[PDB]
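Provided below as structure tokens are two forms of one protein chain, presented individually as structure 1 and structure 2.
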Structure 1
């Protein structure tokens, strides 16, 4: 028959075996992640070996069905995802060692302990423990001990492993005709579909860098303001024209500045826009947090969570002897099995995260209608952005008041508006440079621009120049500080958190216009607009079936990242910030460090 008819039947074969093998792999991964055991590590590795072996043989077979001779775009797109394999192209010994490296790096990170010098018996994991210090402590020494002790105990172990990791990951990328493993990662944004909807891997770097130029003035001012207000909390440790010490940024990495909110709130006598204390005082639990997020999605027309979700998910650390990996994640295990793994605390951050993860599920639930090869996000940024459209609404004073976390006599003035905008900025603007600078470093390592001998030299040079953050302790090439972040040790690409943040507001601007909202888009609560949920679900249900440039142009007007909605959303905080910084220095000197003092 036609080469199109042969490939349709080939795909139907593929879909039925893959559904089985990827389900067994997902199940085996879930039990490891929910119950870290030697037996479950072996079971995980085996099920993934069967999935990888399958997947690579099907890639080779897919090539015999040449793309040019098929005329149905859906099949043509299903075959394209099958054309480029993964680590199979490596020597069996070679892919043996790389799978070992990834398993060691992941369990070094989740088993690492750093011990108190003053108390050698008290040994702390990252989660919970070191993280509790890095979020709630106000002592320069306590945070420094945790920050440095983390990068020194597990960072130092990961360094020899990370070196082998780039050489092998790059050997796998070049064997697949990519320049390097970074080029391979940027492939996720590659779009060859229709005309005018084309996007190449190399444009992602130009576009990321052009848009980061427009964000930088707002960030410099946010930076100047929090640097001023940390001098009230850390007098004799902050230089008013310098970079900010990296252990004082509110988490283990300064990934989000949200826990600086207490130290930086402008109008603190107003009703607290951080509803963490109101949640505790009303005896909320993790269940309530997830039920409230479910209530939100139902009010916009999206479905409720499945019954299996409530039975199978891990919504708090179990504390029954099992060791868990606590990093919040939303799983589509296949066969309609949707779960969330999260060690949920009673916190506005985890309240917002639970919305973030539920949006992942909601996306996975909608593109279930698509054929197997096509049930993924349009790109990775889309996927991390659906959750954050919900957080944008769920965090508004308005929505908080309707949920009961703000008093019924609560009223919005210009001071609670700056409060809310400043907290949003600590989370969403504070993370852009941190995210940009990390993947720039990663991309440059894989490319060859940074040699092993300068890995930590360039990391702390880029931290200071781009992020305005400085290391509290000198770090030799014996260190490997970026690998102390979960996503790096666990072989995940990071630029999704950058493109997501720009996508966030493009989506939010478009759904609010559908919700017939009037006024600024930071006042907008998408809650109860079924028209808005209808518009969103139309893109969610498309999955990867259309190129992401078209998928974007179908919700919002444009076919590429636009930073204009993000800047409008923060236009009142930005004008306010400029005034608070009218007699202050905006920017940073890279020369000063806490230890050259």
Structure 2
């Protein structure tokens, strides 16, 4: 009975009980999510608090096997997930206070209200109303009062709590032997492994900054192109060498530039490829959509959907008075039970989402052979990355001709591909400097490199320097603008959206070269390439049983993040964008301000 002997045996009692308890929690969640009643939300809470109590006991029991006596890395990685306990290391006072701060920020956010100055009796919450203005309005002054009011009325309430939140989180992280709350979050990319696959939490900062500097060229050119196009819409308020005003970017924050498409579309007379009418003419139903998704995964040699997937999924809004959650989710209920919940409509969007969500299911089905504790993505960016590349193939006209939603003589307009790559860039490329800079500010705040006397000051310096976006009204330290975004107010890490996006195109480029794909990357359909499916299964079956560096190399053949596959995806757009901007300034000076 060595320490490893006992810990192995401890983990055998854990898996059989954890599997049972997690399975009941997952089943009760499903009864609630597919039928919102107070009866079912009762069973859910009772079932989830049985699990948490079991987990907390097993967590402190697993600290009885000291990690440094565990040679077998598989046993170690499992024990590692159990010795993370979180905020339970605080005193009763300091942890009760933190939870109450967290609930206050969250509800300040969801009840946040701003009213129209031109009509004080016209008041709006964020998610129905203020977003509607922020995603649709072309009125500089209407966007402005919604943007500024959101941070004055809501963001100013979050400021004293966020200061306290930082302090208690930094204590919680130090009591768990991390440097600060940021270094704590970066531990999700930590990796113990064989020689050459280790990854430190400080490596992530370096790998994020390196990759981003390779993105700066493409983003600058996209930035300058969008800027020159907004001048036509807002001639009074755009400077052709300065930053873009923060309230004109297509949502409450500029997180995505998606909704700038109407204004910045290169060739407006060419419509998007939308096969919705084709699906409706062919009398497709939700059942047919998922059968086509299944067919796609079979075509690359991947498993069928189980007999139970069809019997138990919720693939359409019930509409019989039963109240459901319509957000699309892929459910890994345990014990070979896999389901998808979404309110599918006969649309090319929901067709695409089905392929994406079924990719989540395939991943789950591949790592179900692994121990309970290592059934998850290699790191937090893998799962959605795997999901996103399914939409990439399923949307290509190559694939849309194969399944018959486009005629066999479909002309591929070069003007449509640039329309398409630009729409993709506004979302995928626009968010990347936003995502890195938001997380860089939080990282520096947690390390203490930004004293709270200069929070808001350094937030807009980095916004102007990195993102090329400028505040339209000056903001002193009464503001807490980062907390005006859901993820900051609600205590979620944000860097996953950066790393996922990188991983996304590394995956796609590797399976496309395995499929012997010919042309530009963005035209790749891995369908009917079992060669490519096996390359992907090699990574999927691993779960988080191996360091994410090895899991990554098992599919793309390198141990680290690489943004070059992303840049060749947008390569036809890059060269097209350089040529549009040739007559104008490219970049931005960070000295101009709309308020000046």
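Numbering follows the first chain given and starts at 1. Superpose the two forms; the largest set of C-alphas matching within 1.5 Å is the rigid core.
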Query raised in the report: Looking at 223, 143, 339, 151, which has a Cα shift of 2 angstroms or more between structure 1 and structure 2 when the rigid core is held fixed?
Result: 339
Report task. Indicate whether residue 505 shows a C-alpha shift of 2 Å or more between structure 1 and structure 2, with the rigid core used for the fit. Result -> no
Requested in this report: Determine whether the C-alpha of residue 401 shifts by 2 Å or more between structure 1 and structure 2 once the rigid core is superposed.
Outcome: yes
Report task. Determine, after fitting the two forms on their core, whether residue 517 shows a C-alpha shift of 2 Å or more between structure 1 and structure 2. Result -> yes
**Report entry** Angstrom displacement of the CA atom of residue 264 between structure 1 and structure 2, core fixed
**Finding:** 0.2
Report summary line: When only the core is superposed, residue 321 shows a C-alpha shift between structure 1 and structure 2 in angstrom of 14.3
Query raised in the report: Once the two forms are fitted on their rigid core, how many angstrom does the CA of residue 7 move between structure 1 and structure 2?
Result: 1.9
